[PDB]
Number of protein chains: 2
Amino acid sequence: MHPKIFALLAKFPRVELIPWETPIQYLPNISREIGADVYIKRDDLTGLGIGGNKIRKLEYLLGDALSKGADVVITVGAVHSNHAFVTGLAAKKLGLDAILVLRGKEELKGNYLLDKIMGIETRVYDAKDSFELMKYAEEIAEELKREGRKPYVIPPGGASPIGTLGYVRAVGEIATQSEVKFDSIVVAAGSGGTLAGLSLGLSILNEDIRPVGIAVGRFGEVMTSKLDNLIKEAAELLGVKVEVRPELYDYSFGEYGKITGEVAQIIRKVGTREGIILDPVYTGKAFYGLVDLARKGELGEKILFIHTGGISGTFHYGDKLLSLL
Amino acid sequence: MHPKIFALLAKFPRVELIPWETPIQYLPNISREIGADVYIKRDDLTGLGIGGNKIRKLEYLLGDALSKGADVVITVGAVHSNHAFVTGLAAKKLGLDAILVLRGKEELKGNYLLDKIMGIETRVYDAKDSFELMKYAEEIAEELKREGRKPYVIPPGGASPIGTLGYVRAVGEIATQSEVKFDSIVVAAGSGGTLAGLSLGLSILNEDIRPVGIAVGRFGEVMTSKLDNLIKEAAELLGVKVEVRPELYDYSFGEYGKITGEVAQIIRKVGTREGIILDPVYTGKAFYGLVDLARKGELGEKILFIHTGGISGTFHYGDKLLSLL
Ligand SMILES: *Cc1c(COP(=O)(O)O)cnc(C)c1O
Ligand SMILES: *Cc1c(COP(=O)(O)O)cnc(C)c1O
C-alpha cells in the first residue's frame, strides 16, 4: 500500500470484506499471440460471494451504510446483476437487510438464482433502464422509512463517490505488490465507477500509466459525463486534483447484454489457453477490446488486465454461448 | 513452506498452476453459534477454472502426464464433475488434449455446460458407478493409443498417489502461513484423496492435529480401504512412515448427490452469515458435519475448514435447493 494513497484514504471508514491482496499473473499464451505482455489482476478472487470488483466498492458503500445506522440496503440492476447479488449478500453478512430491485426475465439462473437461494428479497419491475429502476428503489426507500426503518440506497454498479474509493485503494495495492512497469491498465466499463477509481488512483501516484476502459454497453453521453462527474467528485473527497482524461473504447458490440460469437470465442480462448474463465456481459468483451487494441499496437508493451469477475453470467448466458461456438 | 515437507517433495515434478497461497479466514458468526473457533482455508480460490481442491492435485497429475509425454488426458466422473472440468481445462491450457468420460443427465448446466462452452470433448455413458466408467475410459485409452497417440488416465477425483501429494503440499503451506494452533482440520471426503494428503502431511510434521473427513457419499468398504491404501502408497512415494488413523464421519444423508433441506439450509446460512458460497454435493454437507461435530464438542476449540470449491454445483442443483428453502 502506497504511503500516499494510504494517508489519503486514512480518514475514510470501511468494512473490511477482502482480507488479502488479490494476485497478478502473466498470461504466456495470450501474450505470445497478441505480441504484447499481458498480465491479469485477479479481482475475481476477492472472496465474498461470487467475488469481483463490486466487493471493493461495498467495503466503502457498506462502511457508509453502517455509519448512518442503516438497517436496510437497497440497490438495483438487471436480473443477472453481479452488483445486486453481492450487495445483498454483503449486507446480510453485516446484519443488514436488503431489497434488490431488478429487471429482466425471471428465470432461475445466474445471480438471480443465487439471490433466491440465499433468500435475498427480490422485486422485479417492467422497467427498461437501470436508472429507470432508480426511482422504483427510491420508492421502496422513501416509504420503507415509514415502518421506522432507515434505508440506504446504492446507485447502479455502486457508482457512488465513496464507492469509487474502492479502486483508488486497488491502485495502491497494485503499486506495492507488482514489480512490473505497466503501460496501461485495461478494465471493463459498465458504470465507469471502477475505471474512475483506477484513473484517480494513477493520477494520485502521478503514474504515466494509461487507464483504459472498455465500454460494454451504451457508450457515452450522460455516461461519458457521469464518468468525469464521478472522477472529480471522489477526487474532491480525497481533497486532490485530477489529471485529465481516462481513455474509453467501445466494444459493446451494439448493446449491453448482446452476446456474440466473437465474445463467445474469447471466453473459450482465454479459458483453454490460460485456464481463466471470463464472462459474456463484461470481462469477455473487455478482454476482446484488449486483444484488439493490443494487436493494433495501441496499448503498449506491458498491459495489466483487471479481472472483475462475473462468472455467474457464464452459467446464466451459457447456452447462448454454446449456440455460437 | 515447511523445510521438511519442502525437502520431501523436492524431487517430485509438478506443473505450477496455483501461483500463490490461498487465504485463511476466521468465521465470526458461525463461530459464535457453534461455540468453537472455526477458520476456513480458501482452496475455492486456487484460481484455475472454477478453482477448488482438484487444482492442487492436477499440478502433480499433469506434471506426471507431461513427464510421460502424454498427448491426451482422460478422466471420469458424474456430469456435474468438478474434477472432470478442471482436468480438461488444465490439460488444454498445457497444450494437451482431453476426453471427459461422464455419466448422468445430459442437461446444459453446471460443469457440464462449462465443459461444452470450453469445447472439452465429452463422452457420456449409461454407467452407474464412477469406477464403472473407469473401464470405459480404459477403453478410449487402451485403443486411442492406436492412432499413435499416448493417453494418460486419471482416477476418479484425481485419487492417484502422486495426485495426493497435492495436499501434502497444502499442509506445508498451511503450516507456514497460519498463526493458529489448530485442533482439527475438517474436509469433505469424496475419493478420500484430499483427506489422505492432509493426513500424511500432518503425520509428516508430527502435528497432534486431527484430520477429519466428512464422507459425502458411499461411506466405506472398498472406500475406507482405498483411503488407507492411498495414504500408504503416497507415503511410500515420500519414503516416509504413516501415523495410523484419519477420522471419518458420514454426512452423506443417505447417498452421494442426495440434496436435503438441511444441506440447503447450511448453504444459505454460511452464505448470508460469512459471505461464503458452499455447494450441495460436497462442502455444504461437509460443513454441516462440521457444525454437528463441533456443537457436540467433538472437534475441539480451533477448527480449520478446507473450502474445496464446487460453486458449479450450486448453479447446477440450484432449483432443487430453492424448492427446499
Ligand atoms: C459490475 C461489473 C463491471 C463494471 O464495473 P463498473 O464499476 O460499473 O465499470 C465489470 N465487470 C464485472 C464482472 C462486473 O460485475
Ligand atoms: C472433488 C471434490 C471434493 C472431494 O475430494 P476428494 O479428494 O475426492 O476427497 C470435495 N469438495 C469439492 C468441491 C470437490 O470438487
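The chains referred to below are lettered A, B, ... by the order of the sequence lines, with proteins before strands, and numbering in each begins at 1. Quick note: numbers below take in every heavy atom, side chains included, and nothing from hydrogens, waters or symmetry partners.
Across all their heavy atoms, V73(B) and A91(B) have their closest contact at CG2-CB, 3.8 Å. When every heavy atom of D279(A) is checked against every heavy atom of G310(A), the shortest pair comes out as CB-O, 3.1 Å. Nearest heavy-atom pair, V242(B) versus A235(B), reported as atom, atom and distance to 0.1 Å: CB-CB, 4.5 Å. Taking every heavy atom of both residues into account, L62(A) and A90(A) meet most closely at CD1-CB, 3.4 Å. Across every non-hydrogen atom of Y26(A) and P28(A), the tightest pair is O-CD, 3.4 Å. For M134(B) against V153(B), the heavy-atom pair with the smallest separation is CE-CG1, 3.2 Å.
Between the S252(B) side chain and the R218(B) main chain, no donor and acceptor come within less than 3.5 Å of each other. Proximity of a side-chain donor or acceptor of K241(B) to a complementary backbone N or O of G239(B) within less than 3.5 Å is not detected. With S31(B) contributing its side chain and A36(B) its backbone, the two residues share a donor-acceptor pair below 3.5 Å. A donor-acceptor contact shorter than 3.5 Å is absent between the side chain of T46(B) and the backbone of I55(B). Side-chain N or O atoms of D115(A) include none that pairs as donor or acceptor with a backbone N or O of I120(A) at under 3.5 Å. Under the 3.5 Å distance criterion, the side-chain polar atoms of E59(B) are matched with a main-chain donor or acceptor of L17(B). Side-chain atoms of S199(B) come within 3.5 Å of backbone N or O of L195(B) as a donor-acceptor pair. Proximity of a side-chain donor or acceptor of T260(B) to a complementary backbone N or O of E262(B) within less than 3.5 Å is not detected.
Residue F6(B) places its CZ atom among 12 or fewer non-hydrogen atoms of other residues, nucleotides or ligands, all under 6.0 Å distant.
Among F85(B), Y256(B), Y112(B), the one residue that satisfies the ring-ring contact (aromatic ring centres under 6.0 Å, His included) test with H80(B) is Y256(B). Among the candidates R56(A), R42(A), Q177(A), the single residue satisfying the side chain to side chain donor-acceptor pair (under 3.5 Å) test with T22(A) is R56(A).
Salt-bridge annotation for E16(A) and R14(A): present, with a side-chain N of the basic residue lying under 4.0 Å from a carboxylate O of the acidic one. Ionic pairing of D64(B) and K68(B) is present here: one or more N-O contacts between side-chain nitrogen and carboxylate oxygen are shorter than 4.0 angstrom. A salt bridge does not link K269(A) to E274(A): none of the charged nitrogens lies less than 4.0 Å from a carboxylate oxygen.
Side chains of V186(B) and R210(B) form no contact here, defined as non-hydrogen atoms less than 4.5 Å apart. Contact of the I162(B) side chain with the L61(B) side chain is registered, since non-hydrogen atoms from C-beta on lie closer than 4.5 Å. The side-chain heavy atoms of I267(A) and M118(B), taken from C-beta on, include a pair separated by under 4.5 Å. Within the 4.5 Å cutoff, side-chain heavy atoms of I209(B) are placed close to those of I185(B). In this structure, the side chains of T314(A) and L114(B) come closer than 4.5 Å at one or more pairs of heavy atoms. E247(B) has its side chain out of reach of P211(B): every pair of non-hydrogen atoms, C-beta onward, lies at least 4.5 Å apart. With contacts defined as side-chain heavy-atom distances shorter than 4.5 Å, the pair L325(B)/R268(B) qualifies. Within the 4.5 Å cutoff, the side chain of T272(A) has no heavy atoms near those of the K93(B) side chain.
Aromatic rings of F287(A) and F305(A) (six-membered ring for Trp) have centroids within the 6.0 Å cut-off, being under it.
In this structure, NZ on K285(B) lies 13.5 Å from OH on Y251(B), to the nearest 0.5 angstrom. Distance CD/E243(B) to CZ/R245(B): 14.0 Å, rounded to 0.5 Å. Note that OG of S67(B) is 13.5 Å distant from OH of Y60(B), once rounded to the nearest 0.5 Å. Of the inter-residue distances, the one linking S81(B) atom OG with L100(B) atom CG reads 7.0 Å to the nearest 0.5 angstrom. In this structure, the separation between CG on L113(A) and OH on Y317(B) is 14.0 Å, given to the nearest 0.5 Å. Annotation: the span from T194(B) atom OG1 to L230(B) atom CG amounts to 10.0 Å, rounded to 0.5 Å.
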Full working for side chain to side chain contact (heavy atoms under 4.5 Å, CB included) between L89(A) and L48(A): CA-CA 8 Å; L89(A) 206 67; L48(A) 189 156; 4.2 Å; yes
Audit row: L58(A), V86(A), side chain to side chain contact (heavy atoms under 4.5 Å, CB included) steps and yes/no: CA-CA 9 Å; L58(A) 292 168; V86(A) 301; 3.7 Å; yes
Chi angles and distances behind the side-chain hydrogen bond (donor to acceptor under 3.5 Å, both in side chains) call for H83(B), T75(B): CA-CA 8 Å; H83(B) 168 68; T75(B) 193; 2.8 Å; yes
Test salt bridge (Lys or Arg N to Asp or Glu O under 4.0 Å) applied to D97(B) and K92(B), step by step: CA-CA 6 Å; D97(B) 207 10; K92(B) 282 178 172 297; 3.7 Å; yes
Residue pair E173(A), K41(A): steps toward the salt bridge (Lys or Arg N to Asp or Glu O under 4.0 Å) verdict: CA-CA 11 Å; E173(A) 182 172 287; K41(A) 174 165 188 64; 2.9 Å; yes
Chi angles and distances behind the side chain to side chain contact (heavy atoms under 4.5 Å, CB included) call for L200(B), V240(B): CA-CA 9 Å; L200(B) 216 197; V240(B) 90; 3.7 Å; yes
Trace of the side chain to side chain contact (heavy atoms under 4.5 Å, CB included) decision for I276(A) with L27(A): CA-CA 10 Å; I276(A) 293 179; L27(A) 302 179; 4.1 Å; yes
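No donor-acceptor contact under 3.5 angstrom links the side chains of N29(B) and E33(B), judged on distance only. Side-chain contact, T283(A) with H307(A): no donor N or O sits under 3.5 Å from an acceptor N or O. Donor-acceptor pairing under 3.5 Å is recorded for the side chains of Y167(B) and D43(B). Counted by atom type alone, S312(A) and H316(A) present zero donor-acceptor pairs between their side chains at under 3.5 Å.
Both tests pass for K54(B) against the ring of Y282(B): distance under 6.0 Å to the centre and angle within 45° of the axis.
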